Structure formats: C-alpha cells, structure tokens
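Q: Experimental structure and sequence below.
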Amino acid sequence: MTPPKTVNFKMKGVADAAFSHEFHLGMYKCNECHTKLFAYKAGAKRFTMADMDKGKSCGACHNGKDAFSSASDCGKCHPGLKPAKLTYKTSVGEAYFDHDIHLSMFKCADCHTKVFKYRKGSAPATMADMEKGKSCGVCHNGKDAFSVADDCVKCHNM
Ligand code: HEC
Ligand code: HEC
Ligand code: HEC
Ligand code: HEC
Ligand code: HEC
Ligand code: HEC
C-alpha cells in the first residue's frame with residue numbers, strides 16, 4: 001500500500017488545482033484533516049474559493065495566519081494560474097510585462113480582476129487607451145507610477 005497520492009481538482013472553465021499529501025504530511029497526521037476538513041471517501045463536496053475564505057476546505061489553514069492566504073498566490077495551488085513574464089506583439093515591436101517585479105509591490109487582487117483577467121490578450125489596449133487610464137495606464141499615469149507618455153524603452157524593445 002502506498003501513501004495517499006497527490007490530489008487533482010478538476011474544474012471546468014477553471015485551471016485545475018493540486019494538493020500534495022506528501023508535503024502536508026511533513027507537518028500533519030491524518031486526523032488533523034480527516035474527516036472534519038475532508039472525507040476519506042470518493043464522495044465529492046466541491047468547494048469554492050469563497051467557502052475557503054469562510055474557513056472551509058484549504059481555507060481552514062490558508063488564512064494568512066496558519067498558512068498563506070488562499071485569497072492570493074493562485075499559482076501556488078493552481079499550476080495554470082502561475083504569474084509569468086508576458087510578451088506582447090505590437091505594431092512597433094515587442095512590449096513586455098514582468099509579474100515578478102510588480103509582485104514585490106502588489107498582490108494578485110490589486111490587478112485581478114478589476115483591471116486584468118487571468119488571461120493574456122483578453123482586452124487589448126492602445127497607448128491612447130492607457131493615457132486615458134486604461135490597462136497599465138490605471139497606475140502608469142505619471143502621478144502614481146511613471147507615465148506611459150514617454151520613455152517607451154521602459155516597456156518596449158523598439
Ligand atoms: C490536510 C492537510 C490533509 C492531511 C494531513 C491528510 N489528507 Fe488526505 N486528503 C486531503 C485532501 C485535501 C484531500 C482531497 C479531498 C477532495 O475533496 O478530493 C484528501 C484526500 C484523501 C484520500 C482520497 C479519498 C477520496 O477522495 O476518495 C485519502 C484516501 C486520504 N486523503 C488519506 C489520507 C491519509 C491516510 C492521511 C494520513 C497519512 C491523509 N490523507 C492526511 C487532505 C489531507
Ligand atoms: C490553495 C490554497 C489555493 C489557492 C491559494 C487558490 N485556490 Fe482556487 N481552488 C483550490 C482548490 C483545491 C479548488 C477546488 C476545491 C474543491 O472543493 O473542488 C479551487 C477552486 C477554485 C475555483 C472554482 C470554484 C470557485 O470558487 O469559483 C476557482 C474559480 C479558483 N479556485 C480560482 C482561484 C484564484 C483566482 C485564486 C487566487 C486569487 C485561487 N483560486 C487561489 C485551491 C486554491
Ligand atoms: C492545515 C491542516 C492545512 C490544510 C487543511 C491545507 N494546508 Fe496547505 N499548507 C499548510 C501549511 C502549514 C503550509 C506551510 C506554510 C505555508 O504557508 O507555505 C501549507 C503550504 C501549502 C502550499 C505551499 C507549499 C510550499 O511549497 O511552500 C501549497 C501549494 C498548499 N499548502 C496547498 C494546499 C491546498 C491546495 C489545500 C486544500 C486542498 C491545502 N494546502 C490544505 C497547511 C494546510
Ligand atoms: C498588476 C500589477 C498585476 C499583478 C499584481 C498580478 N498580475 Fe497577473 N497579469 C497582469 C497583466 C497585465 C496580465 C495580462 C492580462 C491581459 O489582458 O493580457 C496578467 C495575466 C496573468 C495571467 C495569465 C498569463 C500568465 O501570466 O500566465 C495569470 C495566470 C496571472 N496574471 C496570474 C497572477 C497571479 C496569480 C498574481 C499574484 C500572485 C498576479 N497575476 C498578479 C497584471 C498583474
Ligand atoms: C509600459 C508602461 C509602456 C510604456 C511606457 C509604453 N508602452 Fe506602448 N505598449 C505597452 C504594452 C504592454 C502594449 C500592448 C498592450 C496591449 O493591450 O496589447 C503596448 C502597445 C503599444 C502599441 C500598440 C497598440 C497601439 O497603441 O496602437 C504601440 C504602437 C506602442 N505601445 C507604442 C508606444 C510608444 C511610442 C511609447 C512611448 C511614447 C509607449 N508605447 C510606451 C506598454 C507601454
Ligand atoms: C498599478 C497596480 C500598476 C499596474 C496595473 C502596472 N504597473 Fe508597472 N509598475 C507599477 C509600479 C508602482 C511600479 C514601480 C515603479 C514606479 O513607477 O513607482 C511599476 C514598475 C514597472 C516597470 C519597471 C520599472 C523599473 O523598475 O525600472 C515597468 C517596465 C512596468 N511597471 C510596466 C508595466 C506594464 C507594461 C504594465 C501593463 C501591462 C504595468 N506595468 C501595469 C504599477 C503598476
């Protein structure tokens with residue numbers, strides 16, 4: 001018999017999530033999660049990220065105190081939701097967006113989903129759009145973060 005295996009959560013329309021028994025077993029024993037938090041049966045009891053904020057499922061520990069909050073860092077549990085360096089193909093060459101640099105100042109919620117969706121290429125914007133406050137322009141306005149009005153080389157390889 002082998003230890004419980006890594007669990008895969010299949011969601012239609014959403015990037016799958018994963019749970020590592022091995023990693024958590026380095027900290028807990030079976031009864032700390034079974035059966036108050038999760039059952040031992042193949043019986044589903046599907047939860048939402050909301051239920052988690054309400055202390056259920058992964059949220060029982062991933063609350064910002066016991067373990068990192070399940071409200072952010074989606075890429076830690078959702079492999080497909082991993083923030084990466086983005087490259088845009090524009091009419092004047094490539095433009096880039098580095099998540100890592102921004103993650104040293106903001107949390108996922110600061111941009112997702114009010115400003116951007118977790119999907120590149122969704123709502124394309126022109127620099128003019130940005131100058132009016134859209135896309136990067138929401139912050140890069142020369143008052144909060146540096147403006148998009150000049151120093152194109154900051155984001156462009158022209
Ligand atoms: C919380 C940190 C856990 C600890 C410690 C252990 N398990 Fe676990 N287990 C946990 C989760 C999040 C899940 C997924 C539940 C889901 O909604 O799909 C599981 C699943 C299992 C299963 C599979 C049962 C099934 O869904 O049909 C088994 C058989 C199981 N866990 C066994 C098990 C044992 C023996 C543990 C101690 C060695 C153990 N788990 C610890 C969360 C956690
Ligand atoms: C690990 C602690 C997680 C973090 C952090 C995030 N999510 Fe998650 N998500 C996780 C699991 C195990 C599941 C499935 C739970 C189940 O019982 O099946 C999910 C599910 C979702 C869903 C579908 C349900 C819903 O609330 O709509 C979505 C849309 C989803 N997760 C999105 C998401 C985002 C955007 C996150 C960061 C802001 C995020 N998750 C973090 C586990 C974890
Ligand atoms: C309490 C019994 C927990 C439950 C239930 C779940 N997790 Fe957990 N998780 C817990 C701790 C104490 C930690 C370590 C501290 C930290 O915040 O990192 C974690 C860590 C993880 C991680 C990151 C691991 C790493 O490489 O550092 C992930 C990806 C993770 N946990 C996912 C996860 C999911 C998907 C859960 C619900 C299915 C879940 N955890 C439950 C404590 C507990
Ligand atoms: C604003 C400063 C951001 C923060 C903070 C985070 N993300 Fe992000 N993300 C941002 C942009 C501009 C885009 C492009 C959207 C578009 O319309 O093209 C994205 C895109 C993503 C995606 C999909 C592409 C990818 O990077 O793989 C994901 C999966 C994503 N972002 C995840 C993510 C997570 C988990 C964050 C916090 C840890 C996060 N983003 C923060 C801008 C910003
Ligand atoms: C980062 C803060 C930027 C600065 C500074 C400038 N641009 Fe930009 N530009 C950036 C991105 C990420 C994108 C793609 C946006 C998308 O939704 O796809 C672009 C795109 C353009 C485009 C194509 C779209 C259009 O406006 O027609 C052009 C022609 C362009 N950018 C030119 C440009 C010039 C000349 C700049 C300095 C005056 C400039 N950009 C700055 C991000 C950023
Ligand atoms: C507010 C939530 C922001 C969004 C949305 C985007 N950026 Fe940003 N960016 C922001 C800050 C606060 C900073 C730090 C510097 C400052 O102006 O105070 C940055 C920094 C960058 C950089 C790197 C600058 C450097 O370290 O030299 C670049 C090139 C940049 N940002 C580009 C960029 C693009 C293309 C964005 C839209 C896809 C984007 N940022 C959104 C704040 C915010």
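A: In hand now; what should we look at? Numbering: from 1, shown residues only. Ligands and ions are numbered 1, 2, ... in the order given.

Q: Isn't residue 145 up against residue 139?
A: Yes. Residue 145 is within contact range of residue 139, at 4.1 Å (criterion: C-beta atoms under 8 Å). Where C-beta positions appear, they are placed from N, C-alpha and C, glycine not excepted.

Q: Same drill for the two, tell me which one is more crowded.
A: Higher neighbour count among residue 145 and residue 139: residue 139, with 19 against 14, using other C-beta atoms under 10 Å.

Q: Contacts only, for that one.
A: Applying C-beta atoms under 8 Å, 6 or more residues apart in numbering, we find residue 139 in contact with residue 145.

Q: quick one: residue 89 from ligand 5, how far?
A: Residue 89 sits 8 Å away from ligand 5, going by C-beta to the nearest ligand atom, to the nearest Å.

Q: That residue belongs to a strand?
A: Yes. Assessed by DSSP: H, G, I helix; E, B strand; the rest coil, residue 89 belongs to a strand.

Q: Based on its surroundings, how many neighbours for it?
A: Residue 89 has 8 neighbours, counted by other C-beta under 10 Å.

Q: Quick check: bridge partners of it?
A: Residue 89 has these beta-bridge partners by DSSP bridges: residue 94.

Q: Pull up the gap between it and ligand 1, please.
A: Residue 89 is 40 Å from ligand 1, by C-beta to the nearest ligand atom.

Q: which residues of the protein fall in strands?
A: Residue ranges of the strands in the chain, as given by DSSP state E, are 7-9, 17-19, 86-90, 93-97, 156-157.

Q: how about the last one, does it get close to ligand 6?
A: No. Taking C-beta under 6 Å from any ligand atom as the criterion, strand 156-157 and ligand 6 are apart, separated by no less than 9.0 Å.
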